[PDB]
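We place every Cβ from the backbone using ideal geometry, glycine too, and count neighbours over all the protein chains shown. Here, each number is a calculation from the coordinates, and none is a lab measurement.
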Amino acid sequence: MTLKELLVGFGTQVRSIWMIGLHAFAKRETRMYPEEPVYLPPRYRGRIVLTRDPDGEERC
Amino acid sequence: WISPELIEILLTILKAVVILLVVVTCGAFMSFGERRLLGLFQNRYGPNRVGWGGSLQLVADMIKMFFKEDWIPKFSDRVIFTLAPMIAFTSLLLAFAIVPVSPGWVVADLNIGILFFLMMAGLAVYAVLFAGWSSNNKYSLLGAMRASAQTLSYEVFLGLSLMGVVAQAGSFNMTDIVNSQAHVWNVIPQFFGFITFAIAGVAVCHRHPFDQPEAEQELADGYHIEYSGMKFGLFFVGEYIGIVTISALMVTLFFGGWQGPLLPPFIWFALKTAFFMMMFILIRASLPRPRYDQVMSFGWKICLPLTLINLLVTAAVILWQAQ
Amino acid sequence: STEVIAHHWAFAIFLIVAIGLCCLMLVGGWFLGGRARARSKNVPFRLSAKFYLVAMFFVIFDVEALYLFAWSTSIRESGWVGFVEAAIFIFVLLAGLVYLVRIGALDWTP
Amino acid sequence: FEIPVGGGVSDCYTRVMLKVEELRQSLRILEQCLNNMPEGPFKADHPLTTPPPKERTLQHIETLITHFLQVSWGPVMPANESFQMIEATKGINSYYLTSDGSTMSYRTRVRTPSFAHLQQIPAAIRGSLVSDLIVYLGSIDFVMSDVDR
Amino acid sequence: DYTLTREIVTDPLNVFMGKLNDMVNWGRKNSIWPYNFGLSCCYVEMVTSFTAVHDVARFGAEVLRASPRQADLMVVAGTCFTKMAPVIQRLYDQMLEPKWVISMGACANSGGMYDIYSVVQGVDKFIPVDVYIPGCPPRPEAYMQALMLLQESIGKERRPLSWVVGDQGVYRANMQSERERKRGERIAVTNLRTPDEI
Amino acid sequence: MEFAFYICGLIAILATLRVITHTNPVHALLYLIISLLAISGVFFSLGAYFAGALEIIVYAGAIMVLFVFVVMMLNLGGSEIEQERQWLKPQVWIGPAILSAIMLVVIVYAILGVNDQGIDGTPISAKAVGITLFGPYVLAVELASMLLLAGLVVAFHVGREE
Ligand SMILES: CCCCCCCCCCCCCCCCCC(=O)OC[C@H](COP(=O)(O)OCCN)OC(=O)CCCCCCCCCCCCCCCCC
Ligand SMILES: CCCCCCCCCCCCCCCCCC(=O)OC[C@H](COP(=O)(O)OCCN)OC(=O)CCCCCCCCCCCCCCCCC
Ligand SMILES: CCCCCCCCCCCCCCCCCC(=O)OC[C@H](COP(=O)(O)OCCN)OC(=O)CCCCCCCCCCCCCCCCC
Ligand SMILES: CCCCCCCCCCCCCCCCCC(=O)OC[C@H](COP(=O)(O)OCCN)OC(=O)CCCCCCCCCCCCCCCCC
Ligand SMILES: CCCCCCCCCCCCCCCCCCCC
Ligand SMILES: CCCCCCCCCCCCCCCCCCCC
Ligand code: SF4
């Protein structure tokens, strides 16, 4: 490789190292399951149930 | 049995044993710290549940690898297969055996020094070759051949990168190398020596981006793939102990060793060593992995001429100011 | 001197305890944990001349490296004459390296 | 939105950067979707809209009948052949449906782009190294579910 | 209640040997190295659990070995295709003791929606499964919940401390079903959020 | 100092004996590496510190790495010559063993009549060796560079793949 290519490559390596270190200075984006409960939107498709009418009888 | 010479003999032996135990535990807890610092670099936490802050994660890994079933392949050659992790551990451990961590705290004040380090590096490439061949896996054999050719391509200039520091000190002794850095640390005059030694030290430790079992995973050609239990653990802990040894050698050869203005000398040595260990982690986190031919061509075409030119220029400078 | 013999004893104990430590971890790994059998557990999971060429280049340049190792520890008392001799040595080295690179000996890629 | 195009040569790198520009264009489309979302129905007013709107199903008998037959026996598609081609994430994806007048497809043919890209692999990687092959596989943007269906 | 693999037996558990068994179980359950094996979309959710937003490394289970010899856990995350079933069996046979299996997703559980000519109807037709995860795909925290369930199962199993001394049988605890454990809290649910909001 | 000398010499002799009679090439190279390590220990016991360092760095760290590399490349397994164990048959080795024993007896008899004040083991450093190498032995250094260049050119010409 050329000298200019080597110097530019070293500069890009330095930039990558610097950006990942600044990432180490950043805020964690981890959702701490299970101590922090998973937020689920109201129409989330998980466990199936059978429900009751307002009178208390089963709707099925 | 009451004599100052005998008391000094057991004092020196106890200091050597303390250095050995601290280095081995530092390598294992640096496997743990590798996990935690990669978590820090990637906006996460890493292992922080097994003990306080994950501090017992290493103990859990050690128990798991001890009580994992011991396995040797039936078609493998048992002696060489067993022997390869032993060399991968002991080579860079005995390379640490020359590092002066404090004034008066050294295991072996040898007249050869970094020559002993070069001896240990050659035995380390033996560990990689033996692990590849003894597994009776042709993929592991091919991967170990590539890893060994890479390691030779960088060990060809490792010592030459150290020769500028040796020339400035006028000695192979490590304490004389430290004492020659009393005014200016060697990273300023031997800057190209420092960068070539750092690249070669990463390469001979098979660290990223020179890690063959992680470089090519689609071929399944890693030379670790038949190792399990405590032999794979020996490979892991030996790799981390090698990182610790390379960091300590870089500190003592290019960053004044234990020398510092205010703090105690061991505190300065430990701080500089921990900084270079952390820089190993950041190198693993940040840089991508070049191609195999590109890596070996970089070692042969760029770094080795740079070490030769650096040695010649260092000699010219030394003889120029020798009035 | 008792300092050098104390350091020799410390070095010997260092090597012995390091070798015995890795031996002890291997023995403990072999001894502990149950063993199980499987049918395919025993089942495992021509290289070019460039490998030999690279290893051979490493050997030759390592010998020239030993010559420069011997030079570098005694540069001051070899003077400028030793500098001229080592410069001739290094020039022959770099000419050999240029020759190897230019003829494709160090080109893994086609 | 714009369609990013290359200079004439398709490497791993040019494919990856083209997908980066495609991501930026998709962000522009999403901004337009956020700013101008029309008011109206989320289901068509067609008798074959499956299922019908749920509130009318729950209180109107003809809608309940339509829902009952659509979810159980199935909607009756009159006998025809239809085709739809879209720009999927990994290339052009198409459905070719043949209906024989029943509540099930007589033939569902799914053209996926990853099948074609994996077939192109030997012509593009010939004369290269294995490292070039794994980088090429990383730059193709395929999944094996797309290839094998 | 325990099941023995060499039958339904009782607990075989000196007080020092119990402490050693607890220490070995603690070390095994806190160091679980999964095998990097991807079958289908469920594997995408598994490696999503490996990333920063979930950080499965916190449980000490991120190492993700490419060799079955270094792996303690096989996650069948995806469909057991008929062509891939010998591959799965060979990779499981190449794993070393102790080894655990998590079947992840409806395909690995039972064949899922793919009751089709080219799909084996569940990975438990030919290899034993320690933990099942329903879902298509299970979300990454469901994989983490199954990891914790596997940790609870490991923490009370009985395995030989050495292969030269003592009983060599593997005892697995007959744990209470999660359905029956959670039935009390699940049936008591009355109202949920209406699906018209965010 | 003599304890190390005699034990390292015995280890080197025994390892060489295992080398010249072994069947597996990788095992033979491992015993050769062990003998070179023992010879380096002999060098360190005599005060030749640079020689021992180069014995492990170059002989047991480069040349035998090349031998091991070639063996691993050749995939030497169940070779027909390897399986025969012709060198283990008495009628093959009894002649050369007698010849080597006679040569050893003559050389040892010549050795035992030389003047011997003993080796003090005073360490001759790498610095003095470097001074001698670039002083009186300058032509040796430059023509050794030429010799290794010749080895490089020959081995590239012969060991090419083409
Ligand atoms: C404690 C340990 C760490 C200490 C920190 C300092 C040392 C870091 C050591 C890292 C070692 C990594 C070595 C990587 C060498 C890669 C060389 C290579 O092959 O690069 C290939 C690339 C392109 O090559 P080319 O042939 O032109 O390709 C054209 C074909 N399309 O060519 C290029 O991209 C050209 C440039 C290549 C890289 C130049 C060297 C970079 C070294 C890493 C950055 C270090 C920065 C300082 C860090 C902080 C120090 C305190
Ligand atoms: C003692 C402890 C501390 C040790 C410190 C070690 C590091 C060296 C000293 C600091 C160097 C600072 C470098 C600053 C780089 C800035 C980042 C950057 O912008 O880099 C990229 C830039 C090229 O930009 P562009 O072309 O747009 O790239 C994107 C397309 N690829 O790239 C450039 O413009 C390149 C600019 C020049 C970079 C090199 C500067 C001189 C280096 C001299 C020493 C040689 C280093 C390499 C030797 C390798 C030999 C094997
Ligand atoms: C599985 C086991 C395989 C075999 C492993 C090794 C077996 C032997 C282990 C026991 C060793 C006992 C101790 C040896 C002596 C230590 C002290 C010593 O070497 O002192 C001599 C000399 C002193 O030099 P200095 O301090 O400068 O004094 C100047 C004037 N007095 O200092 C010197 O001369 C220093 C240079 C010599 C240091 C040699 C260190 C060991 C080298 C072999 C490493 C083997 C690595 C593992 C196996 C590799 C593959 C086979
Ligand atoms: C224990 C019984 C046998 C068991 C089986 C074999 C085990 C290995 C035995 C060989 C290695 C250890 C030999 C004993 C060394 C003990 C240290 C010693 O002798 O120190 C004296 C001297 C110190 O240097 P100096 O300053 O001259 O001091 C003279 C006194 N003031 O020292 C010196 O000058 C030189 C010091 C020795 C040289 C460095 C170490 C060489 C190691 C070579 C190992 C070769 C491979 C062995 C493989 C074994 C299995 C097959
Ligand atoms: C990564 C660092 C590895 C170091 C290995 C050796 C550790 C030796 C510890 C020696 C401690 C005492 C040093 C001399 C006294 C000066 C410092 C006093 C406060 C610690
Ligand atoms: C296929 C051909 C094989 C040829 C093998 C040659 C082996 C030669 C062995 C020579 C043995 C000499 C024994 C001692 C002779 C008497 C003492 C020396 C001469 C005075
Ligand atoms: S269970 Fe669903 S998400 Fe998982 S592999 Fe099967 S189809 Fe994919």
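Histogrammed with a bin width of 5 Å, the alpha carbon distances of the range D:9-149 distribute as 2, 8, 11, 12, 12, 13, 12, 11, 8, 6, 4, 2, 1, 0 percent, first bin at zero. Between E:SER162 and B:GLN217, the FRET efficiency from the beta-carbon distance, with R0 = 45 Å, is close to 0.85. Quotient of the Cα radius of gyration of the range F:1-159 and 2.2 N^0.38 Å, N being its number of residues: 1.29.
Over chain F, DSSP H runs of length four or greater, each weighted -39,500 (n - 2.57), average out per residue to a 222 nm ellipticity of -22500 deg cm²/dmol. Sorting C:62-74, B:158-170 by their mean Cβ neighbour count within 10 Å, with the most densely packed peptide first, gives B:158-170, C:62-74.
Based on the Cβ-Cβ distance from D:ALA79 to F:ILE81, what FRET efficiency comes out when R0 is 56 Å, to the nearest 0.05? Efficiency for this residue pair is about 0.10.
Other protein chain C-beta atoms within 10 Å of residue C-beta, averaged over B:283-290: 4. Prolate is the label for the range D:84-146, because a/c, from the alpha-carbon gyration tensor with a ≥ b ≥ c as root eigenvalues, is 1.5 or above and a/b exceeds b/c.
Placing unit charges on the Cβ atoms of the charged side chains and taking the dipole of the range D:1-127 about its Cα centre, the candidate lying farthest along the positive direction among D:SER26, D:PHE68, D:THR49 is D:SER26. Shown for D:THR50, B:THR273: other C-beta atoms within 10 Å of each C-beta, ranked fewest to most, produce the order D:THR50, B:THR273. Around C:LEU53, what is the net charge, scoring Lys/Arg as +1 and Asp/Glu as -1 over all other residues with Cβ under 9 Å from its Cβ? With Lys, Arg at +1 and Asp, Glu at -1, the neighbours total +1.
Fully extending the segment from B:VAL17 to B:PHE29, taken as 0.36 nm per residue of separation minus the present Cα-Cα distance, adds 2.5 nm.
The antiparallel fraction among DSSP beta bridges confined to the protein assembly as shown stands at about 65%.
In chain E, the calculated helix contribution to ellipticity at 222 nm averages -9500 deg cm²/dmol per residue, counting -39,500 (n - 2.57) for every DSSP H run with n ≥ 4. Helical runs assigned H by DSSP (4 residues or longer) give chain B a calculated mean residue ellipticity at 222 nm of -22500 deg cm²/dmol, each run adding -39500 (n - 2.57) before division by the residue total.
With semi-axes defined as the square roots of five times the eigenvalues of the C-alpha gyration tensor, the equivalent ellipsoid of the protein assembly as shown measures 61, 34, 30 Å, largest first.
Summarising the label geometry, the points placed 7 Å from Cα in the beta-carbon direction at A:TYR44 and D:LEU30 lie 2.1 nm from one another.
The D:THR108 and B:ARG49 beta-carbon pair, evaluated with R₀ = 56 Å, returns a calculated FRET efficiency of approximately 0.70. For the peptide C:96-106, the mean number of other protein chain Cβ atoms found within 10 angstrom of a residue's Cβ is 4. When the GluC sites (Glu not before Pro) in the range D:1-58 are filtered for DSSP coil states and for at most 10 other beta-carbon atoms within 10 Å of their beta-carbon, the remaining sites are D:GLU2, D:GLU39. Each listed q (0.12, 0.13 Å⁻¹) maps to a log10 I(q)/I(0) for chain B, found by the Debye formula over equal Cα scatterers with no solvent: -0.88, -1.02. Straight-line reach from E:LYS125: taking Cα to Cα under 22 Å and skipping same-chain neighbours fewer than 8 places apart, the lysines in range are C:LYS41, E:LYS83, E:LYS99. When C:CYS22, E:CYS107, D:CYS12 are arranged by Cβ crowding within 10 Å, least crowded first, meaning fewest neighbours, the order is D:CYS12, C:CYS22, E:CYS107.
Per residue of peptide E:156-167, the mean number of Cβ atoms on other chains within 10 Å of the residue Cβ is 3.
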